[PDB]
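With the entry's author numbering, the residue at position 4 of the first sequence is 4, and numbering never jumps.
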Amino acid sequence: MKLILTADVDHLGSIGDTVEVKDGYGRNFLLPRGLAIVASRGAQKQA
RNA sequence: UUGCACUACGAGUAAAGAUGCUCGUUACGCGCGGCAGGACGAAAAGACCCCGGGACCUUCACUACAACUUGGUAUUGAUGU
């Protein structure tokens with residue numbers, strides 16, 4: 001699943017390349033950091 | 001407690017231990033005080049024995065489950081050799 005970063009991280013990468021999260025490592029780590037989104041209407045606001 | 005009733009004894013007979021059957025013997029009728037041999041005395045659908053049901057108990061019986069433990073996957077992530 002691709003998603004929409006805010007800061008460059010050694011797993012996720014840039015903002016908008018190809019996201020390969022580990023299934024929980026996002027909402028327990030990333031989404032508290034305010035650096036990642038579970039994509040709902042984000043594949044075009046990313047643009 | 002109670003099927004009766006005017007409820008003898010013997011030797012027998014009978015479900016094998018007779019107040020009631022048989023053959024005899026012995027007893028006027030009723031009553032009150034005693035004993036307690038019998039009435040398979042009363043009580044208590046024998047406690048024992050055996051059959052049938054149940055009960056609880058045990059366990060190198062049966063099958064379950066609890067509980068204790070084993071891993072599998074979800075919550076469970078990163079970076080690294």
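Ideal Cβ positions, reconstructed from N, Cα and C, are used throughout, including at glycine.
- Annotation for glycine 42: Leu3 and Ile4 place their beta carbon closer than 8 Å to its own, counting only its chain and skipping 5 residues before and after.
- If you compare the alpha carbons of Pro32, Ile15, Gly16 and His11 with that of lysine 22, the shortest gap goes to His11.
- Under DSSP, the beta-bridge partners assigned to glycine 13 are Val9.
- Look at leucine 3 here: in three-state DSSP terms it is coil, with no helix or strand label.
- Inclusion of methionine 1 and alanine 47 in the CB contact set at 9 Å is not warranted, their separation being larger than that value.
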